[PDB]
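Chemist:
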Amino acid sequence: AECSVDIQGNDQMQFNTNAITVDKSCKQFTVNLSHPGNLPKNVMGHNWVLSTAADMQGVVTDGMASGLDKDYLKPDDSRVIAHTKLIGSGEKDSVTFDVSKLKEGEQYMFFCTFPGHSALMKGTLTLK
Ligand SMILES: [Cu+2]
Ligand SMILES: [Cu+2]
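If you use the deposited numbering, the sequence shown corresponds to residues 1 to 128, in order.
1) Is the region 5 to 19 in contact with the region 71 to 78, if contact means three or more CB pairs nearer than 8 Å?
2) For residue 202, which residues of its own chain have a beta-carbon under 8 Å away from its beta-carbon, when the five flanking residues on both sides are left out?
3) Would you list the one or two residues that DSSP bridges to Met109?
4) So, helix, strand or coil for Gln57, using DSSP?
5) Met109 and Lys122 - do their beta-carbons sit closer together than 8 Å?
6) Please classify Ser25: is it buried, with 16 or more other beta-carbons within 10 angstroms of its beta-carbon, or exposed?
7) Going along the chain, which residues of its own chain have a beta-carbon closer than 7 Å to the beta-carbon of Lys27, five neighbours each way excluded?
8) Ligand 2 heavy atoms versus the CB of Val99: any closer than 7 Å?
9) Could you tell me the boundaries of the beta strand (DSSP E) in which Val5 lies?
10) Mind checking whether the beta-carbon of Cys3 lies closer than 7 Å to any heavy atom of ligand 1?
11) Just how far apart, CA to CA, sit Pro115 and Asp77?
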């Protein structure tokens, strides 16, 4: 029972991971994000943000409007279950969250909120 995952975000707006499965036995779950690209976060910044598939659009829409200084997230957005900070080339970050915030059945989606990235930088997350 692996309660963690390592993910990368490159210069071609791609996550090296497309689907995450969170085992029910896990009390917590950790995501380790890295950036193997060459570009800084102001132009190729990446974060790993988690929400229900149904809230993704709103989170992305509102986050992109909040600007860089706010890490492309609406301050105190209740639709955000968990998230890493926005990173650039050479940087990294990790996030751990309570698995009790997830439920069976329901589809979750991880994505980057940097302007336009969510088109390709997204994946699925499920509690199974
Ligand atoms: Cu990004
Ligand atoms: Cu439980």
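The beta-carbon is built from N, C-alpha and C at its ideal position, and this holds for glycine as well.
Modeler: With the given structure in hand:
1) no
2) Given that the chain is displayed from residue 1 to residue 128, the structure contains no residue 202 and the question cannot be resolved.
3) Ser51 and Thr124
4) helix
5) yes
6) exposed
7) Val99
8) yes
9) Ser4 to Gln8
10) no
11) 17 Å
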